[PDB]
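S.K.: Below is upload31.csv; it holds CSV, N, CA and C atoms.
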```
chain,number,residue,atom,x,y,z
A,2,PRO,N,-34.7,-125.6,274.9
A,2,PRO,CA,-33.8,-124.5,274.7
A,2,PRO,C,-33.5,-124.2,273.2
A,3,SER,N,-34.1,-123.1,272.7
A,3,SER,CA,-33.9,-122.7,271.3
A,3,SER,C,-33.1,-121.4,271.1
A,4,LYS,N,-32.2,-121.4,270.2
A,4,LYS,CA,-31.3,-120.2,270.0
A,4,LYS,C,-31.3,-119.9,268.5
A,5,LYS,N,-31.1,-118.6,268.2
A,5,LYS,CA,-31.1,-118.1,266.8
A,5,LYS,C,-29.7,-117.6,266.5
A,6,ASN,N,-29.1,-118.1,265.4
A,6,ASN,CA,-27.8,-117.7,265.0
A,6,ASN,C,-27.8,-117.1,263.6
A,7,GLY,N,-26.8,-116.3,263.2
A,7,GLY,CA,-26.8,-115.7,261.9
A,7,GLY,C,-25.4,-115.0,261.6
A,8,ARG,N,-25.5,-113.8,261.1
A,8,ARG,CA,-24.2,-113.1,260.8
A,8,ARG,C,-24.3,-111.6,261.3
A,9,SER,N,-25.0,-111.5,262.5
A,9,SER,CA,-25.1,-110.2,263.1
A,9,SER,C,-23.9,-109.8,263.9
A,10,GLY,N,-23.5,-108.6,263.8
A,10,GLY,CA,-22.3,-108.1,264.6
A,10,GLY,C,-21.1,-109.1,264.4
A,11,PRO,N,-20.8,-109.8,265.4
A,11,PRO,CA,-19.7,-110.8,265.4
A,11,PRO,C,-19.9,-112.0,264.5
A,12,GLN,N,-18.9,-112.4,263.7
A,12,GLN,CA,-19.1,-113.5,262.8
A,12,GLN,C,-18.0,-114.6,263.1
A,13,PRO,N,-18.3,-115.8,262.6
A,13,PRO,CA,-17.4,-116.9,262.8
A,13,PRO,C,-16.1,-116.8,262.0
A,14,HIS,N,-15.0,-117.3,262.6
A,14,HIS,CA,-13.7,-117.3,261.9
A,14,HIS,C,-13.0,-118.6,262.0
A,15,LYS,N,-11.8,-118.7,261.4
A,15,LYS,CA,-11.0,-119.9,261.4
A,15,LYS,C,-9.9,-119.8,262.4
A,16,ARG,N,-10.0,-118.9,263.4
A,16,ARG,CA,-9.0,-118.6,264.4
A,16,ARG,C,-9.6,-118.3,265.7
A,17,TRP,N,-9.2,-119.1,266.7
A,17,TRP,CA,-9.8,-118.9,268.1
A,17,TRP,C,-8.8,-119.3,269.1
A,18,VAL,N,-8.6,-118.5,270.2
A,18,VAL,CA,-7.7,-118.7,271.2
A,18,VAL,C,-8.4,-119.1,272.5
A,19,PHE,N,-7.7,-119.8,273.4
A,19,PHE,CA,-8.3,-120.2,274.7
A,19,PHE,C,-7.3,-119.9,275.9
A,20,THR,N,-7.9,-119.5,277.0
A,20,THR,CA,-7.1,-119.2,278.2
A,20,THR,C,-7.9,-119.5,279.5
A,21,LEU,N,-7.3,-120.2,280.4
A,21,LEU,CA,-7.9,-120.6,281.6
A,21,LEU,C,-6.9,-120.5,282.8
A,22,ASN,N,-7.3,-120.0,283.9
A,22,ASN,CA,-6.5,-119.8,285.1
A,22,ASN,C,-6.5,-121.1,285.9
A,23,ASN,N,-5.3,-121.5,286.3
A,23,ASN,CA,-5.1,-122.7,287.1
A,23,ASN,C,-5.8,-123.9,286.4
A,24,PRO,N,-5.3,-124.3,285.3
A,24,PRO,CA,-5.8,-125.4,284.5
A,24,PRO,C,-5.6,-126.8,285.2
A,25,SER,N,-6.6,-127.7,285.1
A,25,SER,CA,-6.5,-129.0,285.7
A,25,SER,C,-6.0,-130.0,284.7
A,26,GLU,N,-5.4,-131.1,285.2
A,26,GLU,CA,-4.8,-132.1,284.4
A,26,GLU,C,-5.9,-132.7,283.5
A,27,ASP,N,-7.1,-132.7,283.9
A,27,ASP,CA,-8.2,-133.2,283.1
A,27,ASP,C,-8.5,-132.3,281.9
A,28,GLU,N,-8.6,-131.0,282.2
A,28,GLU,CA,-8.9,-130.0,281.1
A,28,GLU,C,-7.8,-129.9,280.2
A,29,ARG,N,-6.5,-129.8,280.7
A,29,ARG,CA,-5.3,-129.7,279.9
A,29,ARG,C,-5.2,-130.9,279.0
A,30,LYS,N,-5.6,-132.1,279.5
A,30,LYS,CA,-5.5,-133.3,278.8
A,30,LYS,C,-6.5,-133.4,277.7
A,31,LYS,N,-7.7,-132.8,277.9
A,31,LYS,CA,-8.8,-132.8,277.0
A,31,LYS,C,-8.4,-132.0,275.7
A,32,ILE,N,-7.9,-130.8,276.0
A,32,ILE,CA,-7.5,-129.9,274.9
A,32,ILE,C,-6.3,-130.4,274.2
A,33,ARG,N,-5.4,-130.9,275.0
A,33,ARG,CA,-4.1,-131.5,274.4
A,33,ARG,C,-4.4,-132.8,273.6
A,34,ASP,N,-5.5,-133.4,274.0
A,34,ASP,CA,-5.9,-134.7,273.3
A,34,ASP,C,-6.9,-134.4,272.2
A,35,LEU,N,-7.1,-133.2,271.9
A,35,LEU,CA,-8.1,-132.8,270.8
A,35,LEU,C,-7.6,-133.3,269.5
A,36,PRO,N,-8.5,-133.4,268.5
A,36,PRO,CA,-8.2,-133.8,267.2
A,36,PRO,C,-7.4,-132.8,266.4
A,37,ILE,N,-6.2,-133.2,266.0
A,37,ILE,CA,-5.3,-132.3,265.3
A,37,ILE,C,-5.8,-132.0,263.9
A,38,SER,N,-6.5,-133.0,263.3
A,38,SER,CA,-7.1,-132.9,261.9
A,38,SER,C,-8.2,-131.9,261.9
A,39,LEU,N,-8.8,-131.6,263.1
A,39,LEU,CA,-9.9,-130.7,263.2
A,39,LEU,C,-9.4,-129.3,263.1
A,40,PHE,N,-8.1,-129.0,263.5
A,40,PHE,CA,-7.5,-127.7,263.4
A,40,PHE,C,-6.2,-127.8,262.6
A,41,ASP,N,-6.2,-127.1,261.5
A,41,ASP,CA,-5.0,-127.0,260.6
A,41,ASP,C,-3.8,-126.6,261.4
A,42,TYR,N,-4.0,-125.8,262.5
A,42,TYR,CA,-2.9,-125.4,263.3
A,42,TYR,C,-3.3,-125.4,264.8
A,43,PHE,N,-2.5,-126.1,265.6
A,43,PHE,CA,-2.7,-126.3,267.0
A,43,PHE,C,-1.5,-126.0,267.8
A,44,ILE,N,-1.5,-125.0,268.6
A,44,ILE,CA,-0.3,-124.6,269.4
A,44,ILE,C,-0.8,-124.2,270.8
A,45,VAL,N,-0.3,-125.0,271.8
A,45,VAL,CA,-0.7,-124.7,273.2
A,45,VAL,C,0.6,-124.5,274.1
A,46,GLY,N,0.6,-123.5,275.0
A,46,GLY,CA,1.7,-123.2,275.8
A,46,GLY,C,1.3,-123.1,277.3
A,47,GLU,N,2.2,-123.5,278.2
A,47,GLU,CA,1.9,-123.4,279.6
A,47,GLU,C,2.7,-122.3,280.2
A,48,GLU,N,2.1,-121.5,281.0
A,48,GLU,CA,2.7,-120.4,281.7
A,48,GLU,C,2.7,-120.5,283.2
A,49,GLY,N,3.8,-120.8,283.8
A,49,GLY,CA,3.9,-121.0,285.2
A,49,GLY,C,5.3,-120.9,285.8
A,50,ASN,N,5.8,-119.7,285.7
A,50,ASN,CA,7.2,-119.4,286.2
A,50,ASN,C,7.2,-118.5,287.4
A,51,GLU,N,6.1,-118.6,288.2
A,51,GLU,CA,6.0,-117.8,289.4
A,51,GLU,C,5.7,-118.6,290.6
A,52,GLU,N,6.6,-118.7,291.6
A,52,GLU,CA,6.3,-119.5,292.8
A,52,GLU,C,5.2,-118.8,293.7
A,53,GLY,N,4.4,-119.7,294.3
A,53,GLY,CA,3.3,-119.2,295.1
A,53,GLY,C,2.1,-119.0,294.4
A,54,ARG,N,2.2,-119.0,293.0
A,54,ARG,CA,1.0,-118.8,292.2
A,54,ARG,C,0.7,-120.0,291.4
A,55,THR,N,-0.5,-120.2,290.9
A,55,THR,CA,-0.9,-121.4,290.2
A,55,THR,C,-0.6,-121.2,288.7
A,56,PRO,N,-0.6,-122.3,287.9
A,56,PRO,CA,-0.3,-122.2,286.5
A,56,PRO,C,-1.4,-121.6,285.7
A,57,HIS,N,-1.1,-121.3,284.4
A,57,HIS,CA,-2.2,-120.7,283.5
A,57,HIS,C,-2.0,-121.3,282.1
A,58,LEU,N,-3.2,-121.6,281.5
A,58,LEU,CA,-3.2,-122.2,280.2
A,58,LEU,C,-3.4,-121.1,279.1
A,59,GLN,N,-2.6,-121.1,278.1
A,59,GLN,CA,-2.7,-120.1,277.0
A,59,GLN,C,-2.2,-120.7,275.7
A,60,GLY,N,-3.1,-120.8,274.8
A,60,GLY,CA,-2.7,-121.3,273.5
A,60,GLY,C,-3.6,-120.9,272.4
A,61,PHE,N,-3.3,-121.2,271.1
A,61,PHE,CA,-4.1,-120.8,270.0
A,61,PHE,C,-4.4,-122.0,269.0
A,62,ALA,N,-5.6,-122.0,268.5
A,62,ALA,CA,-6.0,-123.1,267.6
A,62,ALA,C,-6.7,-122.6,266.4
A,63,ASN,N,-6.2,-122.9,265.2
A,63,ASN,CA,-6.9,-122.5,264.0
A,63,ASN,C,-7.9,-123.5,263.5
A,64,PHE,N,-9.2,-123.1,263.5
A,64,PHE,CA,-10.2,-123.9,263.0
A,64,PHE,C,-10.2,-124.2,261.5
A,65,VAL,N,-10.2,-125.4,261.1
A,65,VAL,CA,-10.2,-125.8,259.7
A,65,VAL,C,-11.4,-125.2,259.0
A,66,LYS,N,-12.5,-124.9,259.7
A,66,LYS,CA,-13.6,-124.3,259.1
A,66,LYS,C,-14.1,-123.1,259.8
A,67,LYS,N,-15.2,-122.5,259.4
A,67,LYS,CA,-15.7,-121.3,260.1
A,67,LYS,C,-16.6,-121.7,261.3
A,68,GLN,N,-16.3,-121.2,262.4
A,68,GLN,CA,-17.1,-121.4,263.6
A,68,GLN,C,-17.3,-120.1,264.4
A,69,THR,N,-18.4,-120.1,265.2
A,69,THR,CA,-18.7,-118.9,266.0
A,69,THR,C,-18.1,-119.1,267.4
A,70,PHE,N,-18.2,-118.0,268.2
A,70,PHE,CA,-17.8,-118.0,269.6
A,70,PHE,C,-18.5,-119.1,270.4
A,71,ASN,N,-19.8,-119.0,270.4
A,71,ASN,CA,-20.7,-119.9,271.2
A,71,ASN,C,-20.5,-121.3,270.7
A,72,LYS,N,-20.4,-121.5,269.4
A,72,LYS,CA,-20.2,-122.8,268.8
A,72,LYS,C,-18.9,-123.4,269.2
A,73,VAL,N,-17.8,-122.6,269.0
A,73,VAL,CA,-16.5,-123.0,269.3
A,73,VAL,C,-16.4,-123.5,270.8
A,74,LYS,N,-17.3,-123.0,271.6
A,74,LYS,CA,-17.3,-123.4,273.0
A,74,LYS,C,-17.6,-124.9,273.2
A,75,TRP,N,-18.1,-125.5,272.1
A,75,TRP,CA,-18.4,-126.9,272.1
A,75,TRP,C,-17.2,-127.8,272.2
A,76,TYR,N,-16.0,-127.2,271.9
A,76,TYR,CA,-14.8,-128.0,272.0
A,76,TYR,C,-13.9,-127.4,273.1
A,77,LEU,N,-13.7,-126.1,273.1
A,77,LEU,CA,-12.9,-125.4,274.1
A,77,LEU,C,-13.6,-125.3,275.4
A,78,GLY,N,-14.9,-125.6,275.4
A,78,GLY,CA,-15.7,-125.6,276.6
A,78,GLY,C,-15.9,-124.2,277.1
A,79,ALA,N,-16.9,-124.0,277.9
A,79,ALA,CA,-17.2,-122.7,278.5
A,79,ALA,C,-16.3,-122.3,279.6
A,80,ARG,N,-15.8,-123.4,280.3
A,80,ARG,CA,-15.0,-123.2,281.5
A,80,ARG,C,-13.7,-122.3,281.1
A,81,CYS,N,-13.2,-122.6,279.9
A,81,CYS,CA,-12.0,-121.9,279.4
A,81,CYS,C,-12.5,-120.7,278.6
A,82,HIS,N,-11.9,-119.5,278.9
A,82,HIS,CA,-12.2,-118.3,278.2
A,82,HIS,C,-11.6,-118.3,276.8
A,83,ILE,N,-12.4,-118.1,275.8
A,83,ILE,CA,-11.9,-118.0,274.4
A,83,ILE,C,-12.1,-116.7,273.8
A,84,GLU,N,-11.2,-116.3,272.9
A,84,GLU,CA,-11.2,-115.0,272.2
A,84,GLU,C,-10.7,-115.1,270.8
A,85,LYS,N,-10.9,-114.1,270.0
A,85,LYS,CA,-10.4,-114.1,268.6
A,85,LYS,C,-9.0,-113.7,268.6
A,86,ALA,N,-8.2,-114.5,267.8
A,86,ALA,CA,-6.8,-114.2,267.7
A,86,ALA,C,-6.5,-113.3,266.5
A,87,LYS,N,-5.3,-112.6,266.5
A,87,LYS,CA,-4.9,-111.7,265.5
A,87,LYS,C,-3.4,-111.7,265.3
A,88,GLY,N,-3.0,-111.6,264.0
A,88,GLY,CA,-1.6,-111.6,263.7
A,88,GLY,C,-1.2,-112.7,262.7
A,89,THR,N,0.1,-112.8,262.4
A,89,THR,CA,0.6,-113.8,261.5
A,89,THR,C,0.8,-115.1,262.2
A,90,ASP,N,1.2,-116.1,261.4
A,90,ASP,CA,1.5,-117.4,262.0
A,90,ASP,C,2.6,-117.3,263.0
A,91,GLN,N,3.6,-116.5,262.8
A,91,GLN,CA,4.7,-116.3,263.7
A,91,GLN,C,4.2,-115.6,264.9
A,92,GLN,N,3.3,-114.6,264.7
A,92,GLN,CA,2.8,-113.8,265.9
A,92,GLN,C,2.1,-114.7,266.9
A,93,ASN,N,1.3,-115.7,266.3
A,93,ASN,CA,0.5,-116.6,267.2
A,93,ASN,C,1.4,-117.7,267.8
A,94,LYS,N,2.3,-118.2,266.9
A,94,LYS,CA,3.2,-119.3,267.3
A,94,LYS,C,4.1,-118.8,268.4
A,95,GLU,N,4.7,-117.6,268.2
A,95,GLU,CA,5.6,-117.0,269.1
A,95,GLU,C,4.9,-116.5,270.4
A,96,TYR,N,3.7,-116.0,270.2
A,96,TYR,CA,2.9,-115.5,271.3
A,96,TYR,C,2.7,-116.7,272.4
A,97,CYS,N,2.4,-117.8,271.9
A,97,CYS,CA,2.1,-119.0,272.8
A,97,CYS,C,3.4,-119.5,273.4
A,98,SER,N,4.5,-119.4,272.6
A,98,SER,CA,5.8,-119.8,273.1
A,98,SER,C,6.5,-118.7,274.0
A,99,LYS,N,5.9,-117.5,274.0
A,99,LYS,CA,6.3,-116.5,274.9
A,99,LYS,C,6.4,-116.9,276.3
A,100,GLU,N,5.6,-117.9,276.7
A,100,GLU,CA,5.5,-118.4,278.0
A,100,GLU,C,6.8,-119.1,278.4
A,101,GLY,N,7.5,-119.6,277.4
A,101,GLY,CA,8.7,-120.3,277.6
A,101,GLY,C,8.5,-121.8,277.9
A,102,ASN,N,7.2,-122.2,277.9
A,102,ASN,CA,6.8,-123.6,278.1
A,102,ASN,C,5.7,-124.0,277.1
A,103,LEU,N,6.0,-125.1,276.4
A,103,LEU,CA,5.1,-125.6,275.4
A,103,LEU,C,4.3,-126.8,276.0
A,104,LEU,N,3.0,-126.7,275.8
A,104,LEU,CA,2.1,-127.8,276.3
A,104,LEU,C,1.7,-128.7,275.2
A,105,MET,N,1.7,-128.2,274.0
A,105,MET,CA,1.3,-129.0,272.8
A,105,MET,C,1.8,-128.4,271.5
A,106,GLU,N,2.3,-129.2,270.6
A,106,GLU,CA,2.9,-128.7,269.4
A,106,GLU,C,2.4,-129.5,268.2
A,107,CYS,N,1.4,-129.0,267.4
A,107,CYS,CA,0.9,-129.8,266.3
A,107,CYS,C,0.4,-128.8,265.2
A,108,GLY,N,-0.1,-129.4,264.1
A,108,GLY,CA,-0.6,-128.6,263.0
A,108,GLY,C,0.5,-127.9,262.3
A,109,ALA,N,0.1,-127.1,261.3
A,109,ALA,CA,1.0,-126.3,260.5
A,109,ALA,C,0.9,-124.8,260.8
A,110,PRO,N,2.0,-124.1,260.4
A,110,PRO,CA,2.1,-122.6,260.7
A,110,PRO,C,1.1,-121.9,259.8
A,111,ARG,N,-0.1,-121.8,260.2
A,111,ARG,CA,-1.1,-121.1,259.4
A,111,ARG,C,-0.9,-119.6,259.5
A,112,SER,N,-0.7,-118.9,258.4
A,112,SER,CA,-0.5,-117.5,258.3
A,112,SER,C,-1.6,-116.8,257.5
A,113,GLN,N,-1.7,-115.5,257.7
A,113,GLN,CA,-2.7,-114.7,257.0
A,113,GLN,C,-2.2,-114.2,255.7
A,114,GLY,N,-3.2,-113.9,254.8
A,114,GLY,CA,-2.8,-113.5,253.4
A,114,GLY,C,-3.8,-112.4,252.9
A,115,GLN,N,-3.2,-111.4,252.3
A,115,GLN,CA,-4.0,-110.3,251.8
A,115,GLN,C,-3.1,-109.4,250.9
A,116,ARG,N,-2.0,-108.9,251.4
A,116,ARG,CA,-1.1,-108.0,250.7
A,116,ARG,C,-1.9,-106.9,250.0
```
Turn the structure described in the file into structure tokens.

M.R.:
Amino acid sequence: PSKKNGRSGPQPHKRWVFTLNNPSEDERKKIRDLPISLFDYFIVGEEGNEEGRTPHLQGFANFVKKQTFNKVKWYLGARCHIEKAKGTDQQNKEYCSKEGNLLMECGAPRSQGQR
């Protein structure tokens, strides 16, 4: 299996989020047991405040380096849906905490800069 990568259309970034429905103890443990040094910022939150329904995983991780969607799947796995994050450090940190339940708290408050 050979694949070609470059800078066409979508490009790699230092910010990627992950979301999976009805997360298992194994999957949640894997991501929660991930290398903190690998991501300057790591924030995971659990969302499950509805009886009769299963829990859901929702968190954000800032890649210390530049990685692509397909590549990032090497850690976040294909099982869990990943997407590009947007906003400031508080926007991402608060967004994950919006669930009211924290699954993992590590890394530093990575914010954007441009002005």

S.K.: Taking the chain letters and numbering used in this document, name the residues of range 8-116 of chain A that DSSP puts in strand (DSSP E or B), as a ChimeraX atom specification.

M.R.: /A:14,17-22,40-48,57-64,68,82-84,103-108

S.K.: From the set A:115, A:102, A:25, A:68, which residue has the shortest atom-to-atom contact distance to residue 48 in chain A, counting all atoms listed in the file?

M.R.: A:102

S.K.: Smallest atom-to-atom distance to residue 4 in chain A: which of A:79, A:86, A:72, A:34, using only C-alpha atoms?

M.R.: A:72

S.K.: Given the choices A:70, A:61, A:75, A:96, which gets closest to residue 12 in chain A if the distance is worked out from only N, CA and C atoms?

M.R.: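 Looking only at the distances to residue 12 in chain A, the closest residue turns out to be A:70.
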
S.K.: Using all atoms listed in the file, which residue out of A:97, A:62, A:77, A:107 lies closest to residue 18 in chain A?

M.R.: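 Among the listed residues, A:62 lies closest to residue 18 in chain A.
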
S.K.: How many Å lie between CA of residue 5 in chain A and atom N of residue 69 in chain A, rounded to one decimal?

M.R.: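 Distance reported for this atom pair: 13.0 Å.
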
S.K.: Kindly extract all protein, DNA and RNA residues lying within 8 Å of the coordinates (-2.0, -128.1, 278.2) given in the file, considering all atoms listed in the file, and supply them as number ranges by chain.

M.R.: A: 24-26, 28-34, 45-47, 57-59, 103-105

S.K.: Write a file of the selected residues as a tab-separated table (two decimals), in the coordinates of the input, keeping N, CA and C atoms.

M.R.:
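And here is the file that came out, out_4.tsv:
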```tsv
chain	number	residue	atom	x	y	z
A	24	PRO	N	-5.30	-124.30	285.30
A	24	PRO	CA	-5.80	-125.40	284.50
A	24	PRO	C	-5.60	-126.80	285.20
A	25	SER	N	-6.60	-127.70	285.10
A	25	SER	CA	-6.50	-129.00	285.70
A	25	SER	C	-6.00	-130.00	284.70
A	26	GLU	N	-5.40	-131.10	285.20
A	26	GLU	CA	-4.80	-132.10	284.40
A	26	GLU	C	-5.90	-132.70	283.50
A	28	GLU	N	-8.60	-131.00	282.20
A	28	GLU	CA	-8.90	-130.00	281.10
A	28	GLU	C	-7.80	-129.90	280.20
A	29	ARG	N	-6.50	-129.80	280.70
A	29	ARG	CA	-5.30	-129.70	279.90
A	29	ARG	C	-5.20	-130.90	279.00
A	30	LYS	N	-5.60	-132.10	279.50
A	30	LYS	CA	-5.50	-133.30	278.80
A	30	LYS	C	-6.50	-133.40	277.70
A	31	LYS	N	-7.70	-132.80	277.90
A	31	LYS	CA	-8.80	-132.80	277.00
A	31	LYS	C	-8.40	-132.00	275.70
A	32	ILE	N	-7.90	-130.80	276.00
A	32	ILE	CA	-7.50	-129.90	274.90
A	32	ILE	C	-6.30	-130.40	274.20
A	33	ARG	N	-5.40	-130.90	275.00
A	33	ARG	CA	-4.10	-131.50	274.40
A	33	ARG	C	-4.40	-132.80	273.60
A	34	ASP	N	-5.50	-133.40	274.00
A	34	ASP	CA	-5.90	-134.70	273.30
A	34	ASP	C	-6.90	-134.40	272.20
A	45	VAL	N	-0.30	-125.00	271.80
A	45	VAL	CA	-0.70	-124.70	273.20
A	45	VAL	C	0.60	-124.50	274.10
A	46	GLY	N	0.60	-123.50	275.00
A	46	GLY	CA	1.70	-123.20	275.80
A	46	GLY	C	1.30	-123.10	277.30
A	47	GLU	N	2.20	-123.50	278.20
A	47	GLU	CA	1.90	-123.40	279.60
A	47	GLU	C	2.70	-122.30	280.20
A	57	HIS	N	-1.10	-121.30	284.40
A	57	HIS	CA	-2.20	-120.70	283.50
A	57	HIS	C	-2.00	-121.30	282.10
A	58	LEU	N	-3.20	-121.60	281.50
A	58	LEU	CA	-3.20	-122.20	280.20
A	58	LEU	C	-3.40	-121.10	279.10
A	59	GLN	N	-2.60	-121.10	278.10
A	59	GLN	CA	-2.70	-120.10	277.00
A	59	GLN	C	-2.20	-120.70	275.70
A	103	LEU	N	6.00	-125.10	276.40
A	103	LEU	CA	5.10	-125.60	275.40
A	103	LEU	C	4.30	-126.80	276.00
A	104	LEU	N	3.00	-126.70	275.80
A	104	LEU	CA	2.10	-127.80	276.30
A	104	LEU	C	1.70	-128.70	275.20
A	105	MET	N	1.70	-128.20	274.00
A	105	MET	CA	1.30	-129.00	272.80
A	105	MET	C	1.80	-128.40	271.50
```

S.K.: For residue 19 in chain A, which of A:101, A:53, A:36, A:60 is the closest residue, counting all atoms listed in the file?

M.R.: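 Checking each of A:101, A:53, A:36, A:60 against residue 19 in chain A, counting all atoms listed in the file, the winner is A:60.
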
S.K.: When you draw a straight line from atom N of residue 113 in chain A to CA of residue 83 in chain A, how long is it in Å?

M.R.: 19.7 Å

S.K.: Suppose you want the space between CA of residue 15 in chain A and CA of residue 2 in chain A; what is it in Å?

M.R.: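 One can read the CA of residue 15 in chain A to CA of residue 2 in chain A distance as 26.8 Å.
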
S.K.: Which of these, A:88, A:40, A:95, A:100, has the shortest distance to residue 67 in chain A once you count only C-alpha atoms?

M.R.: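 Under the stated criterion, the closest residue is A:40.
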